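Below, read A as the first sequence line, B as the second, and so on, with proteins coming before strands; counting in each chain starts at 1. Atoms considered below: every heavy atom in the structure, side chains included; atoms not considered: hydrogens, waters and symmetry mates.
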Amino acid sequence: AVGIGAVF
Amino acid sequence: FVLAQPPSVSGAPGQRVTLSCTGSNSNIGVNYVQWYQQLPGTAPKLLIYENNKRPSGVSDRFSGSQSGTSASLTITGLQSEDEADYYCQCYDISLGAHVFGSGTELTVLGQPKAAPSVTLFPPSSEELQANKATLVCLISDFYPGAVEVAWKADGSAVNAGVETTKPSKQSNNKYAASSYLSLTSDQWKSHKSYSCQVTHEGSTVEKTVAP
Amino acid sequence: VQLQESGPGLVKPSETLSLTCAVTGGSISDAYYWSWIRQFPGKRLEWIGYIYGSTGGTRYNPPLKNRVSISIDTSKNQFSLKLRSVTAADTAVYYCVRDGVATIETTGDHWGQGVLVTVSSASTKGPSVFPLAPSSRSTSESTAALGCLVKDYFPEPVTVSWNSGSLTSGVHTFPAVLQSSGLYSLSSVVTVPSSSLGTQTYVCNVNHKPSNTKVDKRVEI
């Protein structure tokens, strides 16, 4: 993720 | 803190420094690592994502790397405007959460000494109309971050009614503080002059105000 | 493109923290993750949870799952946080954040400005705002400093501008002091050319959102 997002 | 970071790391200007982030097989070992920079008063800013990618507008002196259960932020050509807090961030499978590191404070060494600039204000007329008087002593642009503030009324020390902030870092990496002497109208009118004395690296700058 | 949290404030212990983030420059329904992240005094960062714009699916930090709810409102293009049964441990700065576009020239993720929520049984109190006009000898110099004293408020924060934001250079707003009474004071000062004290008007704009109060104070001669 570009930051905090999908875990993988 | 599941991601352990050195609380403080320092470098000389122009040098290369590496900020470490130590994790486990349930986070850094398996999931992407992000790096955030936080300057005083501002939200965190993404410097690195997905272990080693850099967004547009982040200087190329910053670069990220990961191996095993450890990750690293690398700064080349170190500058004073790189002084900030740096956090690593990853996802932890066993906690099921996105987590932040404990944080590393980066100081750039060899910055020149700077004496505090000092402004002292008398009480406003309209605060005096409410029968009160606050003297305000504003202190800015000193380095390093330690200062001592003492008040005097005519000659003598004032030992009551003073509230003084801790120094806090400015955007330009120098420091600011302020100090408040709270009096009544009659106290203010009673003495001939009041003084704010600021001691910094063994010398003092003093300002005076009179009724 | 831009995220803005709702206003700062006081919450009584055991009650419910309720925040909203207004989004502009993009759709709350886009395929992005909308997070709440807080930073405590002491600087520790904690991820609270997120909601996915396209589906409304949520994930929460597991210790918080029984207390927290994140939601989306399409009509207002905004998302919200509710954290119940709050205690002094929940005093923190709360940020809304969205992950960044996945293209090579991405700017990164997008963070709001953060909103201070303080949990306390103490009562809210708005400030007195007093003008700081320079002593006589300072007007004799080439530049003069004038300012505003914002005295005896709770809780943090207060913001100061000068002349409605049309005066930037020379402005310095100092961090507040926490007094023994338990109340805050801060000062804002701007340095200006001494010649201008007759021509120009100087007004400082104090905003204390926790008590819904705003004061525009003229600094007189």
Side-chain angles (χ1 to χ4, degrees), chain A residues 2-3, chain B residues 1-23 27-29 32-90 100-117 140-147 166-177 200-202, chain C residues 39 42-45 104-109 111:
Chain A
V2 182
Chain B
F1 289 122
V2 277
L3 287 355
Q5 274 172 285
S8 180
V9 163
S10 56
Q15 161 181 345
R16 152 178 267 96
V17 152
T18 306
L19 295 324
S20 91
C21 178
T22 279
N27 40 68
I28 300 192
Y32 299 124
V33 172
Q34 281 68 238
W35 287 91
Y36 290 93
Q37 162 191 80
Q38 196 179 27
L39 298 165
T42 45
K45 170 182 199 203
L46 191 54
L47 296 194
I48 294 289
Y49 66 97
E50 303 179 328
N51 284 357
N52 54 52
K53 294 202 182 335
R54 203 185 39 246
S56 74
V58 178
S59 126
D60 48 46
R61 316 192 268 100
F62 291 94
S63 87
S65 81
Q66 178 270 327
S67 190
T69 72
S70 276
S72 294
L73 194 60
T74 286
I75 312 163
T76 74
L78 170 62
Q79 305 195 1
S80 72
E81 311 86 299
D82 298 331
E83 280 195 322
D85 291 355
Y86 292 85
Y87 302 83
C88 58
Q89 186 270 307
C90 194
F100 291 87
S102 47
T104 293
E105 181 233 340
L106 175 74
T107 41
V108 182
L109 286 170
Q111 300 184 260
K113 207 95 74 60
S117 160
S140 66
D141 288 328
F142 53 91
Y143 191 98
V147 72
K166 296 292 281 178
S168 72
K169 200 154 178 93
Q170 303 173 177
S171 48
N172 64 16
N173 303 314
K174 298 200 240 82
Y175 288 77
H200 178 260
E201 300 275 316
Chain C
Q39 180 160 45
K43 303 170 126 178
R44 185 171 73 77
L45 286 158
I104 194 58
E105 74 279 50
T106 184
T107 52
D109 56 6
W111 289 61

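Taking B:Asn27 as the reference, B:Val2, B:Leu3, B:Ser24, B:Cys90, B:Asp92 meet the side-chain contact (heavy atoms from CB on, under 4.5 Å) condition, with sequence neighbours excluded. For B:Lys53, there are no salt bridge (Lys or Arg N to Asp or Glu O under 4.0 Å) partners, not counting sequence neighbours. Looking at residues two or more places apart in sequence or on another chain, you find a side-chain contact (heavy atoms from CB on, under 4.5 Å) between B:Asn51 and B:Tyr32, B:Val33, B:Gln66. Listed by chain and residue number, B:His200 satisfy the ring-ring contact (aromatic ring centres under 6.0 Å, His included) test with B:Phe142 (two or more places apart in sequence, or in another chain).
Between atom CG of residue B:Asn173 and atom OG1 of residue B:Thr107 there is a gap of 10.0 Å, rounded to the nearest 0.5 Å. Put simply, OG1 on B:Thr42 and CD on B:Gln37 are 8.0 Å apart, with the number rounded to the nearest 0.5 Å. The structure places CG of B:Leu46 at 12.5 Å from CH2 of B:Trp35, a figure rounded to the nearest 0.5 Å. Rounded to the nearest 0.5 angstrom, B:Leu106 CG and B:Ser80 OG are separated by 10.5 Å.
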### Query
Would B:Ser65 and B:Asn52 count as a side chain to side chain contact (heavy atoms under 4.5 Å, CB included) if you check the C-alpha gap in whole Å, the side-chain angles of each, and the deciding distance to 0.1 Å?
CA-CA 5 Å; B:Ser65 81; B:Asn52 54 52; 5.9 Å; no
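Annotation: side chain of C:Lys43 is not in contact with side chain of B:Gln38 (no heavy-atom distance under 4.5 Å). Taking the side chain as every heavy atom from C-beta outward, B:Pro144 and B:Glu201 approach each other to under 4.5 Å. Residues B:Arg54 and B:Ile48 meet the side-chain proximity criterion, which asks for heavy atoms closer than 4.5 Å. The shortest side-chain heavy-atom distance between B:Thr22 and B:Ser70 falls under the 4.5 Å cut-off. Side chains of B:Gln34 and B:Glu50 form a contact here, defined as non-hydrogen atoms less than 4.5 Å apart.
Of all non-hydrogen atoms in B:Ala177 and B:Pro167, the two that sit nearest each other are CB-CA, 4.2 Å. Here the shortest heavy-atom pairing between B:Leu39 and B:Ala84 reads CD2-CB, 3.6 Å.
Checking side-chain atoms of B:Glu83 against main-chain N and O of B:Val108 turns up a donor-acceptor pair under 3.5 Å. Proximity of a side-chain donor or acceptor of B:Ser56 to a complementary backbone N or O of C:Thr106 within less than 3.5 Å is detected. In this structure a side-chain-to-backbone donor-acceptor pair under 3.5 Å is present from B:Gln170 to B:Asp141. Side-chain atoms of B:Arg61 never come within 3.5 Å of backbone atoms of B:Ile75 as a donor-acceptor pair (strictly under, hydrogens ignored).
A donor atom on one side chain and an acceptor atom on the other are found under 3.5 Å apart for C:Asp109 and B:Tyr36.
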Below 3.5 Å, can you tabulate the donor-acceptor pairs from side chains in residues 5-18 of chain B to any protein atom, sequence neighbours excluded?
{"unit_1": "B:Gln5", "atom_1": "OE1", "unit_2": "B:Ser102", "atom_2": "N", "d": "3.3"}
{"unit_1": "B:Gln5", "atom_1": "OE1", "unit_2": "B:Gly103", "atom_2": "N", "d": "2.9"}
{"unit_1": "B:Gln5", "atom_1": "NE2", "unit_2": "B:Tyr86", "atom_2": "O", "d": "3.2"}
{"unit_1": "B:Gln15", "atom_1": "OE1", "unit_2": "B:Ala12", "atom_2": "N", "d": "3.0"}

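Residue pairs meeting the disulfide bond (SG atoms under 2.5 Å apart) criterion with at least one partner in residues 48-89 of chain B, sequence neighbours excluded, are B:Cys21-B:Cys88.
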